[PDB]
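Close look at the chain arrangement
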Amino acid sequence: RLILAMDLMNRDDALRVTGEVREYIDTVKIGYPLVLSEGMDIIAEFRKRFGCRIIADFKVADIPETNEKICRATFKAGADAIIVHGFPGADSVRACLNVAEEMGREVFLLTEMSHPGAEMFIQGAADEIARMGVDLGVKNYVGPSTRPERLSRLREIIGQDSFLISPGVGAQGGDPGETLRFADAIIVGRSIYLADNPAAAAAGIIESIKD
Amino acid sequence: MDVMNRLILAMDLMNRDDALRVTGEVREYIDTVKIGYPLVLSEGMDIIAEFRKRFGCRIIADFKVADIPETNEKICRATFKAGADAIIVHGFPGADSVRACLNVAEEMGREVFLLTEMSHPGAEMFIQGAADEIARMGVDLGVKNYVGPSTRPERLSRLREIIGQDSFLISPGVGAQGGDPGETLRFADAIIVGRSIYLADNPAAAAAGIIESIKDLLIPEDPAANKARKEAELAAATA
Ligand SMILES: O=c1cnn([C@@H]2O[C@H](COP(=O)(O)O)[C@@H](O)[C@H]2O)c(=O)[nH]1
Ligand SMILES: O=c1cnn([C@@H]2O[C@H](COP(=O)(O)O)[C@@H](O)[C@H]2O)c(=O)[nH]1
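Per the PDB record, the structure was determined using X-ray crystallography to 1.50 Å resolution.

If you want it as structure tokens, here you go:
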């Protein structure tokens, strides 16, 4: 139920920290901070070193044709799943779903974001974006740990069978406990990777989850 | 900003050899190339530094930045360090996310382009209804470079009205998506073209033909003269 957001930007530190918390997590979310600094080959390296599943948090948000290319390149690099924005509309999400279905991979639809700015435009479109996901056959979603009430509303729309993961825990102030009342797993980055003892930080979170 | 021939190449080929060959075939016609994730994820960010060493062209990184503030800052820093002159950012995630990009660009002496409304059909679902507010947010934040759709010139004129003539506006959707350069360049300062050039049997010939079509529009090269021309185009559009 704990996914590591590995946003360190150099290979040595990213590999070291992930290795230190490997016993506590089996899925690592890798985004552009690490990929743009070290290359897409870092995904294969993580899989070789840790045997973990990799979610590419690329916030895909282009036209359909470009989205297809991004998804193909990301799955060829070995990612198990990719995070896609829904605000650009249904055709753009469908382009990602088509490639994921062809390659046996997964699309996670980001319905509402966790930061303050999310309230400006995303929040008002969130329920509609989630219903669009349901209509498109999306089974994996991302929602905000910082707004438990919004997270419960999202869970209502997507149903109990869909998988929901949630960022914003720790640094952004979301609570592991309340978040896991609705989400299947929480994403944690800085609270673990900025710590002098990341293993102890991750163990602490796991403790809270067990409890 | 002023781009040679008002034409920006969208280089979305996915392998280095072809990307460098096609850009080399058309470089005499442009001074600005837009590089996005199809090429960067396939060949690495080092491809930007390679283009900067190989050609005397400005590089706009079309990364559609759309994350939380802290992650946006990291993305922008890595992108500018790699050599990009500018980066394209989404406004839908909010003002704090755009401000994070502007702060890094200011610190590093680079530029941010704010994407206000997209060119594809799906843009009508959520983005179009937020676009004017996103453009006003850009004005409030001091953004001076914008991206708007060639596929909806009426929407592009409204965007120009909001951002004013002292902001730079570029527009994709010409060629493959059917946008009209003429109506588009009544409002935008430059058009972005990808597939119509890079999938052509002769990219140089395709680029040269588009440039002839742009010259047929008789758009002044002189900044003040095109500012007056654009003011009249907008006044006519709103009259
Ligand atoms: O709504 C969202 C979507 N994605 N992320 C991402 O999830 C991670 C959360 O990291 P943190 O624990 O360090 O805040 C980062 O990679 C960030 O880009 C959010 O924080 N909020
Ligand atoms: O609203 C937008 C924003 N960006 N792009 C991008 O501009 C280019 C247009 O390419 P094309 O001429 O091949 O359609 C591609 O890189 C695409 O991702 C659009 O097409 N529409």
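**Concerning the pairing of strand β7 (residues 168-171) of chain B**
Residue and element names in this part refer to chain B. Judged by which residues are buried, β7 turns out to be covered on both faces: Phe-168 and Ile-170 on one side and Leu-169 and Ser-171 on the other are all buried. Pairing between strand β6 (residues 145-147) and β7: three bridges, direction parallel. Note on β7: the bridge partner recorded for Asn-145 is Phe-168. Running through helix α7 (residues 153-163), the crossover from β6 to the neighbouring parallel element β7 is right-handed. Note that β7 and strand β8 (residues 190-193) share two bridges and pair parallel.

**Comments concerning the site of ligand 2**
Around ligand 2 lies a shell of 15 residues, among which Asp-62 of chain A together with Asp-12, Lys-34, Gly-194 and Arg-195 of chain B are the nearest. Around ligand 2, the neighbouring residues derive from chains A and B rather than from a single chain. Note that an oxygen atom of ligand 2 is positioned 2.8 Å from one of the backbone N or O atoms of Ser-119 of chain B. Within the side chain of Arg-195 of chain B, one N or O atom sits 2.7 Å away from an oxygen atom of ligand 2. Its free accessible area being 470 Å², ligand 2 has 98% of it covered by the protein chains. Of the residues contributing to the shell around ligand 2, the split by class is six nonpolar, three polar and six charged.

**Remarks on the pattern of salt bridges**
Following the criterion strictly, the structure yields 42 salt bridges over all chains and no others. Here the salt bridges do not stand alone but share partners, grouping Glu-112, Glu-119, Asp-127, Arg-147, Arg-150 and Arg-153 of chain A into one network.

**Brief notes about the site of ligand 1**
Ligand 1 sits among 16 residues. The nearest are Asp-7, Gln-172, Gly-189 and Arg-190 of chain A together with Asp-67 of chain B. The environment around ligand 1 is built from residues contributed by chains A and B. Between ligand 1 and the protein, one listed contact pairs an oxygen atom with a backbone N or O atom of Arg-190 of chain A at 2.8 Å. At a separation of 2.8 Å, an oxygen atom of ligand 1 approaches a polar side-chain atom of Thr-71 of chain B.

**Examining the sheet that holds β6 of chain B**
Residues and elements named next belong to chain B. An order of β1-β2-β3-β4-β5-β6-β7-β8 is seen for the eight strands of this closed barrel, with the pairing classed as parallel. When strand polarity is set aside, the average angle formed by the axes of neighbouring strands in this sheet is 30 degrees. Against the sheet, α7 makes contact with β6 and β7, and its axis sits at roughly 165 degrees relative to β7, the strand it touches most.

**A word on the nonpolar core**
Grouped together as the largest cluster of nonpolar side chains are 171 residues, with contacts concentrated most on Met-6, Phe-46 and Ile-82 of chain A together with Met-11, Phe-51, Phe-63 and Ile-87 of chain B. Beyond its immediate chain neighbours, meaning those up to four positions away, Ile-87 of chain B contacts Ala-61, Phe-63, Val-65, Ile-75, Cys-76, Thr-79, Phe-80, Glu-111, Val-112 and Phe-113 of chain B.

**A closer look at the packing of aromatic side chains**
Following the criterion strictly, the structure yields nine aromatic pairs over all chains and no others. Judged by centre distance (4.1 Å) and plane angle (10 degrees), the rings of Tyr-32 of chain A and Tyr-37 of chain B are stacked. You can see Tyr-32 of chain A sitting in helix α2 (residues 32-38) and its partner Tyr-37 of chain B sitting in helix α2 (residues 37-43), one on each of two chains. An identical accessibility class is assigned to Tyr-32 of chain A and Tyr-37 of chain B; each is buried. Within the aromatic cluster, the residues linked to one another by ring pairs are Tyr-32 and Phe-58 of chain A together with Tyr-37 and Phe-63 of chain B.

**Side note on the interface of chain B and chain A**
Listed per partner, the contact involves 45 residues of chain B and 44 residues of chain A. On the chain B side of the interface with chain A, the three residues burying the most area are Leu-41, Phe-92 and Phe-126 of chain B, jointly 22% of the side's total. In this assembly, chain B and chain A are joined by four salt bridges. Residue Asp-62 of chain A pairs with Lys-64 of chain B through a salt bridge whose shortest N-O separation is 2.8 Å. Linking chain B with chain A are twelve residue pairs in polar contact. Sorting the residues of the side of chain B that touches chain A by element identifies α2, β3 (58-65), α4 (69-81), α5 (95-108), α6 (127-141) and α9 (195-198) of chain B as the ones contributing at least two each. When residues of the side of chain B that touches chain A are assigned to their parent elements, the largest contribution, seven residues, is made by α4 of chain B. Looking at the side of chain B that touches chain A residue by residue, the classes come out as 25 nonpolar, eleven polar and nine charged.

What counts, and where the lines are drawn
- Residues numbered from 1 in each chain as written, not as in the entry; some residues may be left out.
- Chains lettered and ligands numbered in written order.
- Heavy atoms only, no water.
- Buried < 20%, exposed > 50% of the residue type's maximum accessible area, 1.4 Å probe, protein only.
- Helix = DSSP H or I, 4+ residues; strand = E, 2+ residues; numbered from the N terminus.
- Pairing = 2+ DSSP bridges.
- Right-handed = clockwise from strand over helix to strand, strands pointing away.
- Near = heavy atom within 4 Å.
- Polar contact = N/O pair within 3.5 Å; in protein donor to acceptor, adjacent residues only side chain to side chain.
- Areas by Shrake-Rupley, 256 points an atom, 1.4 Å probe, with all protein chains shown as cover.
- Nonpolar A, V, L, I, M, F, W, Y, C, P; charged D, E, K, R; others polar.
- Salt bridge = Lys/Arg side-chain N within 4 Å of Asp/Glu carboxyl O.
- Axes fitted to C-alpha atoms, helices over the stretch in contact; angles between N-to-C directions.
- Contact = heavy atoms within 4.5 Å.
- Core = buried A, V, L, I, M, F, W, Y, C linked by side-chain atoms within 4.5 Å.
- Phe/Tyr/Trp six-rings, centres within 6.5 Å; stacked < 30°, edge-to-face > 60°.
- Buried area = accessible area lost by both parts, 1.4 Å probe.

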